[PDB]
Amino acid sequence: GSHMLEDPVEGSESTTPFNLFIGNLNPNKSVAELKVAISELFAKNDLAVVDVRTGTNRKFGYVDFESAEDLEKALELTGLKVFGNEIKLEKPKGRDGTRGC
């Protein structure tokens, strides 16, 4: 069901290199279902969704990718429609993370 089972250790508080924020989620259904719709659409698109968290009761969720190729296809993935709602993306804080300033 939902047993992350993570070890007691801080690791950049991140699970993947490519991460961002998304919005436009069908508020008439569940945000968890909207995630699977994006994980299934990316599974048939040949993407690689590594993480997908929900945002607010059900207005927007975040998602992490597994490469620059999953992030570049994620950009062209604006043609989505989770539960009939083209999920939108966004650049949250922490844009960098591969090197540092």
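If you go along the chain as it appears here, the first residue is 1 and each next one adds 1.
Structure determined by solution NMR.
Placement of Cβ uses the backbone N, Cα and C atoms for every residue, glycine included.
Copied over from Swiss-Prot:
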MOD_RES   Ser12  phosphoserine
MOD_RES   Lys29  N6-acetyllysine
CROSSLNK  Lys35  SUMO1 cross-link
CROSSLNK  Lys35  SUMO2 cross-link
MOD_RES   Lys59  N6-acetyllysine
MOD_RES   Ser67  phosphoserine
MOD_RES   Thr78  phosphothreonine
CROSSLNK  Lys81  SUMO2 cross-link
CROSSLNK  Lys88  SUMO2 cross-link
MOD_RES   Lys88  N6-acetyllysine
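Here the features listed in Swiss-Prot are painted onto the structure.
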residue: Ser12; record: phosphoserine; CB count, 10 Å: 9
residue: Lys29; record: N6-acetyllysine; CB count, 10 Å: 15
residue: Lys35; record: SUMO1 cross-link; CB count, 10 Å: 22
residue: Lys59; record: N6-acetyllysine; CB count, 10 Å: 12
residue: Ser67; record: phosphoserine; CB count, 10 Å: 15
residue: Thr78; record: phosphothreonine; CB count, 10 Å: 10
residue: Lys81; record: SUMO2 cross-link; CB count, 10 Å: 12
residue: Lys88; record: SUMO2 cross-link; CB count, 10 Å: 14
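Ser12 (phosphoserine) is 23 Å away from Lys35 (SUMO1 cross-link) when you measure Cα to Cα. Among the modified residues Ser12, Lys29, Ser67, no residue is found with its Cα located within 10 Å of the Cα of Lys88 (SUMO2 cross-link). Taking Cα separation as the measure, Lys59 (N6-acetyllysine) is nearest to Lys29 of the recorded positions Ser12, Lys29, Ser67, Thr78, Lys81.
Candidate recorded positions: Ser12, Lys29, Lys81. Nearest to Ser67 (phosphoserine) by Cα distance: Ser12.
Across the fold, the C-alpha of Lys29 (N6-acetyllysine) and the C-alpha of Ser12 (phosphoserine) stand 32 Å from each other. A straight line from the CA of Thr78 (phosphothreonine) to the CA of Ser12 (phosphoserine) spans 28 Å.
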